[PDB]
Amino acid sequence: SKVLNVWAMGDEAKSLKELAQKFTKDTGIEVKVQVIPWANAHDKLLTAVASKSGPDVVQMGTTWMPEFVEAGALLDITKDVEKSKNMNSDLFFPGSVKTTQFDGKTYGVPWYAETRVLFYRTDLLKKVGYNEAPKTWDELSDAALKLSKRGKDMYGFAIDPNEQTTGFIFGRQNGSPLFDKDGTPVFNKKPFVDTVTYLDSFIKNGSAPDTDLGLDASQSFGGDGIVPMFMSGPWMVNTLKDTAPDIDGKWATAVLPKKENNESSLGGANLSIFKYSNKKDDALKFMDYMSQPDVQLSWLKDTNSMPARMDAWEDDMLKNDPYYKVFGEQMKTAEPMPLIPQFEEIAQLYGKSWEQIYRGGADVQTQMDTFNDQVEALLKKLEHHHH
């Protein structure tokens, strides 16, 4: 009734819950935090739109901002944040801000940022003649295959078939804009087709698993390094520091290997107010409280998470930590996924087409033709609804 309902996601939700207790002590505003896995959160959000009932404050994945702004689900808080000391846009990285601003209006406040980098076993790489991380597509491919030739049940790299960013990150790296100047999708043109060919090459030559082996990171990346390289974000630095003592000083991160460029994705999450909330004032206090820079830095540093706020990267410990150095370097050129309202549907269509390739053995060009037509059909639909 007067309890403030917050929907949060992943491991970061634990930090939000703990900080919500100081909030309630200082304000008397009781808070109830619902934790939703990232793999269910999209369904849950769609349901809340359709029924017009949901939380008061919602953690929003950056890639879903366009969709839910479009759907009328997030409150225009432009007036409230442009004035605040701790929620004004100019504190945050412009890539993070692009995920909150649509048609001159602001629909949330960046809570944390992330980008994806290469994780690698330094000892295993040296064993196959690499004293440094692979720095090119050709190097990554070469090192992976040398690593998978150690033996049966031993690989060189992983491609996560459920990761929305992967195909698109590599596509940009090979010069594909994903969508051309007109918004026409170009997944069936050569830059993207050769991208998918390249990713599939790891699966076909046995350097990347073609199924879920069911191992946690410590069992796959640690020990003798069944999977000795992979791509992920800050949350995995945290995980590996806590769960893989056996490989202390035998792994590192590095910026992504380059093809035409080594651009990564820019993600993370925003805090937003659900447009149908009857506790808008309370929600905004909670947002403001969660944006105090010291409060933020406390949990971000603890978790090796990347701040979306710029002056936070001036902190002595962030500047000098080797994991933050690599993240910070990668973030310089990281770009959000296409900030379009059908992003998730498109990423799930990619997933299906990827699976047809890597598991079904479909032809890449033929599958990309099919995929691109699917995407064109979706975009044309949206345009008819708009015009």
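Residue numbers run from 1 along the displayed sequence.
Remark: stretch with higher mean C-alpha B factor among 71 to 79 and 169 to 177 is 71 to 79. Across the two stretches, 259 to 267 and 100 to 108, the PDB entry reports the greater mean Cα temperature factor for 100 to 108. Residue set 316, 114, 160, 194: peak C-alpha B-factor at 316 (per PDB entry). Among 182, 288, 210, 216, the highest C-alpha B-factor in the deposited entry belongs to 182. Sort the modelled residues of the chain by CA B factor and residue 226 lands in the lowest third. Per the deposited record, the Cα B-factor of residue 346 falls in the middle third when ranked against the other modelled residues of its chain. Remark: residue 37 belongs to the middle third of its chain, ranked by C-alpha B-factor as recorded. Compared with the other modelled residues of the chain, the Cα B-factor recorded for residue 127 ranks in the highest third. In the PDB entry, residue 248 places in the highest third of its chain by CA B-factor.
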